[PDB]
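What follows is one structure encoded as structure tokens, with my remarks underneath.
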Amino acid sequence: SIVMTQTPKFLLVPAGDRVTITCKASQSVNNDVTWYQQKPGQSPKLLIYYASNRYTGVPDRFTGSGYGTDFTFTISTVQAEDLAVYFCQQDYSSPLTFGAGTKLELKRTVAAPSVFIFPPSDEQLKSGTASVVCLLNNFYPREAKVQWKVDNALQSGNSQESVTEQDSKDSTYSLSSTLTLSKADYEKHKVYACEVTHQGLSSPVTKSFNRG
Amino acid sequence: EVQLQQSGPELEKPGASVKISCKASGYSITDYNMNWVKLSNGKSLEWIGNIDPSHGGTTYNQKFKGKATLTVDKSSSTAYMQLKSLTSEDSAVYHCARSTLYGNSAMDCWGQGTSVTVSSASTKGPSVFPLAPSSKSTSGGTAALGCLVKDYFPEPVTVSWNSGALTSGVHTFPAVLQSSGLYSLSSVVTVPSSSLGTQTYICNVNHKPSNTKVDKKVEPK
Amino acid sequence: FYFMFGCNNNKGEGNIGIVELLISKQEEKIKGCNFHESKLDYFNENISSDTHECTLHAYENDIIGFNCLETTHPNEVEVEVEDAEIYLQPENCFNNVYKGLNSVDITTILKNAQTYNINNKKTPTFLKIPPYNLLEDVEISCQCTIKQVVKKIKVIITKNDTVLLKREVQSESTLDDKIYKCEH
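Chains C, B and A, in that order, give the protein sequences.
In terms of the authors' numbering, the first sequence is numbered consecutively and its last residue is 212.
In terms of the authors' numbering, the second sequence is numbered consecutively and its last residue is 221.
In terms of the authors' numbering, the third sequence is numbered consecutively and its last residue is 1291.
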């Protein structure tokens, strides 16, 4: 079958700057190519059909070009809400094949995280489990490292992390770290601390609480 | 203008079968070709097949032929897709799309997507817990508060604050899968500290597979 | 070709049945697209490997062909070789035809069409255009995958309100051993 190759896989562009996404085919497809754009948690949306024509209601800033084997998708002025992943599709011969997809990101400036920690709830303690949650917000870049300390003793193998999709409100990352401990182990210690190291911090940032 | 309505998520045993549905409104179903798209791990689109209700003809992608069956109901303006012998590779989100009958086949309208999960762990309901910023050093500046959703399966879970109010400043984190096979999720919201003692914040958690609805209040302690 | 066969009931003191059949050639050319390297003498359009699409115009009582596999010429030694895994979409090419992306049966386009296939060969497939009332210029197509390359055939079914008045073809005479000869 006909196979699309779409490059670059990850593309970075500042807000308000032009960006172009390329597409290459394996055989002549004349003018049967389409482009799709998808938000996280939302269905893909069609932008370009016939590889050079905007679809009804598509903003003028989205354009496409190419014929035969090399096809390009171009955005004249990227917006803050344009954070999405773009796919190409051929409509010449069945089966219709989708491209590998290309993700578009915004740069912005470097920002330091603000750290919060949440103590285990009384309801969870009734079930015999204790969980400590650490919250990080509005930090760039994504490489934020989190470490947990209980009574100044480092913890490993009992924590998990989760990063969001860089919410388009301010194009910054957020990370949450959860430490899972048993109720019996929780009662054996007094001080619970989490250490955060990030590019925007000149020194590690420590938040602590006393509960026990 | 044009709406495509799909069913909720499914959770079947290995080797089972599903029959999802796609309801179309705002246009005549016979006037547009309709197809399904598979999203492998949510990062790679795949074309499954299409059906034309105008003549009943069906076209299936070769590696999906036989494994899937497509049918339409013109009386109800609803179309159905069936999968045979579900395997872990089939666990993906399936979307319904609308396209022209003849000429171009560009997919114009998309549904909200139906998630099909091949059960690798038993069904379980979420446990909602409050996250109180207070009872600590200090709640400087704005006070960030949230809720903890732990030990639920399968995905997804919907979290809302104040019955859909206070949309701004809400951060819902992606779920994390534990060694026990149970997902865990955390959602937080940033509010001014001056409203800690004069405002009520309530988180709504809904889990369709277990039909669990929890409305937990978050207050300082 | 002139032959018989039938049943004989002499041993049971019955009668004898005989069927007399004759077969004669009707036309020498078939308007079909051959995408394979081996050319066909009875196919009007042989398409070079550099070209991946072929377009034809169809009309009543005309035969359309579509070949994407090898053909055994008398210069080739016939042997028992399995047919190549030719990816033909639809599985049957001309009883059900592609009108774009959706498959439609040929009888919905043409009024009671007659189609011919080969039991022991996947391709070629043929269609004889029946008398039809669908005067519109309708497009139908098949496709084959030859050596990981997709070949597509396009057929333009047309029936004008007025048939073409004349079709004049001019040819130049050729000299063959001091004799003026003309092809066709």
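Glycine included, every Cβ here is placed at the ideal spot set by N, Cα and C.
Whole-Å CB distance - residue i paired with residue j, under 8 Å assumed
| i | j | result |
| --- | --- | --- |
| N1203(A) | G56(B) | Their Cβ separation, rounded to whole angstroms, is 11 Å, which puts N1203(A) and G56(B) out of contact at 8 Å. |
| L11(C) | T102(C) | 6 Å |
| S171(C) | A80(C) | 6 Å |
| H1159(A) | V1256(A) | 7 Å |
| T1230(A) | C1251(A) | 7 Å |
| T59(B) | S1210(A) | 5 Å |
| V13(C) | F71(C) | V13(C) to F71(C), Cβ: 19 Å. No contact. |
| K1273(A) | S1280(A) | Going by Cβ atoms, the distance from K1273(A) to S1280(A) rounds to 22 Å, so no, they are not a contact pair. |
Proximity test, Cβ basis, 8 Å: residue i and chain C
| i | result |
| --- | --- |
| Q1133(A) | no |
| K1229(A) | no |
| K124(B) | no |
| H95(B) | yes |
| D73(B) | no |
| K1259(A) | yes |
| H1143(A) | no |
| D90(B) | no |
| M107(B) | yes |
| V1256(A) | yes |
| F173(B) | yes |
| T167(B) | no |
Through-space distance from residue j to residue i, alpha-carbon basis
| i | j | result |
| --- | --- | --- |
| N1117(A) | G1124(A) | 10 Å |
| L177(B) | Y183(B) | 5 Å |
| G68(C) | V29(C) | 6 Å |
| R18(C) | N41(B) | 30 Å |
| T123(B) | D1190(A) | 50 Å |
| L47(C) | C194(C) | 46 Å |
| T1232(A) | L83(C) | 50 Å |
| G64(C) | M34(B) | 25 Å |
| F62(C) | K190(C) | 57 Å |
| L181(C) | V218(B) | 22 Å |
| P8(C) | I21(C) | 7 Å |
| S121(C) | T129(C) | 10 Å |
| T5(C) | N50(B) | 24 Å |
| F1108(A) | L1128(A) | 8 Å |
| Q1221(A) | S1278(A) | 35 Å |
Short CB-CB distance (under 8 Å) between residue i and chain A
| i | result |
| --- | --- |
| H55(B) | yes |
| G103(B) | yes |
| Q90(C) | no |
Minimum Cβ-Cβ distance from residue i to chain B less than 8 Å
| i | result |
| --- | --- |
| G1121(A) | no |
| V1211(A) | yes |
| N1202(A) | no |
| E123(C) | yes |
| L106(C) | no |
| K1206(A) | yes |
| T1178(A) | no |
| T1281(A) | no |
| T1162(A) | no |
| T1232(A) | no |
| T1215(A) | yes |
Proximity below 8 Å, CB of residue i to CB of residue j
| i | j | result |
| --- | --- | --- |
| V149(B) | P126(B) | yes |
| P1197(A) | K1218(A) | no |
| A92(B) | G181(B) | no |
| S17(B) | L86(B) | yes |
| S159(C) | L179(C) | yes |
| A79(B) | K221(B) | no |
* Asked: Would you say the stretch 189–198 of chain B touches the stretch 104–124 of chain B, given that touching needs at least three Cβ pairs under 8 Å?
  -> The stretch 189–198 of chain B, when compared against the stretch 104–124 of chain B, does not touch it at the 8 Å Cβ threshold.
Item to complete: Say whether the stretch 90–99 of chain B touches the stretch 195–209 of chain C, bearing in mind that this needs 3 or more beta-carbon pairs closer than 8 Å, one atom from each stretch.
Response: Flag = no, the stretch 90–99 of chain B and the stretch 195–209 of chain C do not touch.
Q. Is the number of C-beta pairs between the stretch 47–62 of chain C and the stretch 130–137 of chain C that are closer than 8 Å three or more?
A. No, they do not touch.
Quiz item: Taking one C-beta from the stretch 145–154 of chain C and one from the stretch 153–172 of chain B each time, how about it: are there three or more such pairs within less than 8 Å?
Solution: With a cut-off of 8 Å, the stretch 153–172 of chain B and the stretch 145–154 of chain C do not count as touching, because too few Cβ pairs lie within range.
Task: the stretch 72–84 of chain B touching the stretch 27–40 of chain B, judged by at least three CB pairs closer than 8 Å - done: The stretch 72–84 of chain B vs the stretch 27–40 of chain B: in contact.
The stretch 3–23 of chain B in contact with the stretch 59–68 of chain B per 3-pair CB rule at 8 Å: Under the three-pair Cβ rule at 8 Å, the stretch 3–23 of chain B does not count as touching the stretch 59–68 of chain B.
Query raised in the report: Per the contact definition of three or more C-beta pairs closer than 8 Å, is the stretch 1130–1145 of chain A in contact with the stretch 1167–1181 of chain A?
Result: A contact exists between the stretch 1167–1181 of chain A and the stretch 1130–1145 of chain A.
- prompt: Counting pairs of beta carbons, one from the stretch 1142–1155 of chain A and one from the stretch 1176–1183 of chain A, are three or more of them closer than 8 Å?
  reply: With the cut-off at 8 Å, the stretch 1142–1155 of chain A and the stretch 1176–1183 of chain A touch.
(message) Any contact between the stretch 102–110 of chain B and the stretch 193–201 of chain B? By contact I mean 3 or more CB pairs, one from each, below 8 Å.
(response) Flag = no, the stretch 102–110 of chain B and the stretch 193–201 of chain B do not touch.
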